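Next up: a single chain in structure tokens, the form deposited in one PDB entry.
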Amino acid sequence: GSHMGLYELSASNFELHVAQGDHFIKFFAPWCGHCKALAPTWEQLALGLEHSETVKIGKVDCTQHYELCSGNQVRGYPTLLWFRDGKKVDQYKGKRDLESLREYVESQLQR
């Protein structure tokens, strides 16, 4: 069940994946109702940014790769984190609609 533009990371590849550039990652659990509610929006976000040279859109299933989650202080879901050049930058707690997410992405790509 893959989606264009949307990376699905694992414990093996997560740190290597976020090492360069900017990343916006959805940490989720399949059981989480708010996560289900957000999933189509996140898929739209990924599709629209599929060809970006500056940001990649990802997700991590914290039921499968929990150490990634606890190691990034993820304690509930969905948690939307920004990474830049291998480091955790922000925990985005703003509005989660597509246009708000796009505006946040653009705000984090001013360098």
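We number the residues from 1 along the sequence you see.
Not pictured, yet referred to below: the form solved in complex with a partner chain.
Here the chain is shown alone; which of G86, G33, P40, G71 has a heavy atom within 4.5 Å of the partner chain in the deposited bound form? Contact with the partner chain in the deposited bound form is made by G33 alone.
Since only the chain is shown here, I'm wondering whether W82 would be in contact with the partner chain in the deposited bound form (any heavy atom pair within 4.5 Å). Judged by the heavy-atom cut-off of 4.5 Å, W82 is well away from the partner chain in the deposited bound form.
May I ask you to check whether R96 falls inside a 4.5 Å heavy atom distance of the partner chain in the deposited bound form? It does: once the partner chain is placed as it appears in the deposited bound form, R96 has a heavy atom within 4.5 Å of it.
Is the gap between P78 and the partner chain in the deposited bound form 4.5 Å or less for some heavy atom pair? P78: yes, in contact with the partner chain in the deposited bound form.
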